[PDB]
Amino acid sequence: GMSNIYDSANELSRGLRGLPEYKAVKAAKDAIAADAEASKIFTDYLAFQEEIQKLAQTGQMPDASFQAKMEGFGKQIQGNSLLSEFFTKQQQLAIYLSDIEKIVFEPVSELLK
Amino acid sequence: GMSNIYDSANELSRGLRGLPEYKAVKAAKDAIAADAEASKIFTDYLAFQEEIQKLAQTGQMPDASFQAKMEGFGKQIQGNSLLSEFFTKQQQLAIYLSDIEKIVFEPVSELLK
Amino acid sequence: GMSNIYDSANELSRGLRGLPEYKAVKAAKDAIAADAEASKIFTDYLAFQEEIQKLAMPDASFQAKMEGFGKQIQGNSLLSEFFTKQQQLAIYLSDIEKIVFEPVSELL
Amino acid sequence: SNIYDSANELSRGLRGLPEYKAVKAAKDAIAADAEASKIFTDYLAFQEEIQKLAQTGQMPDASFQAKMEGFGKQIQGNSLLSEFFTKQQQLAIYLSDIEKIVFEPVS
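Residue numbers (the entry's author numbering), protein chains in the order written: chain B, 0 to 112; chain D, 0 to 112; chain A, 0 to 55, 60 to 111; chain C, 2 to 108.
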């Protein structure tokens, strides 16, 4: 009953970790970590995440510094094979997980109505 | 392959629907839709929640007005037994839902944190 | 042009710090800092702020916890003095912000 | 030297900044061009999106990074947008300082 929920959650989990797209993102993270150059840009993009929370108090007008700074980081990612691999594999996975979400939480949607 | 992932996602939703906890929130939510006044407080509460979580991106505490508002909603909830039955029962369902979140969906998102 | 902006800015800054409403709030926050009991409730309440992020259906757990801190606040005089005063100040500040940034508003 | 007087004096100084004047000029020009205006409107909708994405703790994904990259190209390829985004950086320093100096010591 409760066991059903956790049995199915576990096998759904295992199944997703078996996807070539999961394998690829994880291997890609490991390759960023082994690479000085990739790793440094990743760590800085990570640190840039809080500048995005700044934005959303200080953001009625378009923030030109932010634009340039985010765009800069973008171009660094595109020019680094390890980083663009990570983000494109991550994106493919999040696409697939989003359709699984829809199935899994349909009984909850039924409760918002 | 992606077939068996879908089978597992479909099986997990069934389990959710099999939870007595799920069953109890569904009965509570319907009893609220039958009542025109519990619906209005419920509707009003939901808009108040989304007001609260707009403070999520300012990192500011809820002030005396939000506190005053929540006191009000809390009196309305406790003195309306359709509302109080739903709130008590949603808490019990909530644990399962956040467990599913945790086991299945959060890991892909964490790739970005 | 620039010096002007910076002088007016200084003047307004010192003016706001000299408002009785600003002082009332600073004195009330200091009183919390000096009361071991209020200090802890306040700290706890600060820590509940990461839970309104997690607020990413009505969350019953959240309403109860939030309702709970509200009552802890109304039950503590130092806390209920801080929040009341802080609100009075917030209305001034917001008035002033409207004036100062009206030229930016026109840009939107 | 009361607060309303200082706050009014301060906003009039803003109006007087060449940096302000240069941003108003570039916003109005943009207002009068359908091309530039829709990108502006879209960019702003996208800022909102970044802002809401923000609070999740995540990095912007490949898709957000690509949206940003698209807008970058559009701003750099459109003259009225280039003028605005450049003049906005310069004004931003003054707006920030006012925030820093006036408001955060009482908030």
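Here a beta-carbon is modelled for each residue, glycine too, at the ideal position from N, C-alpha and C.
Beta carbon proximity, residue i to chain A, threshold 8 Å
i: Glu49 of chain C; result: no
i: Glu70 of chain D; result: yes
i: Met60 of chain B; result: yes
i: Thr87 of chain D; result: yes
i: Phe41 of chain C; result: no
i: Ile31 of chain C; result: no
i: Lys25 of chain C; result: yes
i: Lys22 of chain C; result: no
i: residue 1 of chain C; result: Absent from the structure is residue 1 of chain C, since the part of chain C shown begins at 2 and ends at 108.
For residue i, the nearest candidate out of the options (CA to CA)
i: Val107 of chain D; options: B:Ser2, B:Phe86 and B:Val107; result: B:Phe86
i: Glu109 of chain A; options: C:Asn3, C:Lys39 and C:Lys28; result: C:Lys28
i: residue 1 of chain C; options: A:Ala93, A:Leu15 and A:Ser83; result: It is not possible to answer for residue 1 of chain C, since the shown part of chain C is limited to 2 through 108.
i: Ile76 of chain D; options: A:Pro61, A:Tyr95, A:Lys101 and A:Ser83; result: A:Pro61
i: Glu50 of chain A; options: A:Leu18, A:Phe72 and A:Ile31; result: A:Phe72
i: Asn79 of chain C; options: C:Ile31, C:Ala26 and C:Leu18; result: C:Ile31
i: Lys101 of chain C; options: B:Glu70, B:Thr57 and B:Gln52; result: B:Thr57
i: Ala63 of chain D; options: A:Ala26, A:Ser83 and A:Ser64; result: A:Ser83
Cβ of residue i within 8 Å of any chain C Cβ
i: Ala55 of chain D; result: yes
i: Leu45 of chain B; result: yes
i: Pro19 of chain B; result: no
i: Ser97 of chain D; result: no
Whether residue i touches residue j by CB criterion (8 Å)
i: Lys74 of chain C; j: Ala23 of chain C; result: no
i: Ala55 of chain C; j: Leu45 of chain B; result: no
i: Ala35 of chain A; j: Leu81 of chain A; result: no
i: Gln59 of chain C; j: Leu111 of chain D; result: yes
i: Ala8 of chain C; j: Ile94 of chain A; result: no
i: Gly17 of chain B; j: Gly17 of chain D; result: no
Expected contact under 8 Å - CB spacing of residue i and residue j to nearest Å
i: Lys68 of chain A; j: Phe47 of chain A; result: 7 Å
i: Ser12 of chain C; j: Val103 of chain A; result: 5 Å
i: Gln91 of chain A; j: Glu10 of chain A; result: In fact, because the Cβ distance is near 22 Å, the residues do not count as touching under 8 Å.
i: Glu70 of chain C; j: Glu70 of chain B; result: 7 Å
Proximity test, Cβ basis, 8 Å: residue i and chain B
i: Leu111 of chain A; result: yes
i: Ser64 of chain C; result: yes
i: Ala93 of chain C; result: yes
i: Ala8 of chain D; result: yes
i: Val107 of chain A; result: yes
i: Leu15 of chain D; result: yes
Chain F residues whose Cβ lies nearer than 7 Å to that of residue i
i: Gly73 of chain B; result: The structure shown contains no chain F; its protein chains are B, D, A and C.
Min CB distance residue i to chain D below 8 Å
i: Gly78 of chain B; result: no
i: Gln90 of chain B; result: no
i: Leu11 of chain B; result: yes
i: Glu100 of chain B; result: yes
Closer than 7 Å: residue i CB and nearest the ligand COA heavy atom
i: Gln90 of chain C; result: This structure does not include the ligand COA; it has no bound ligands of any sort.
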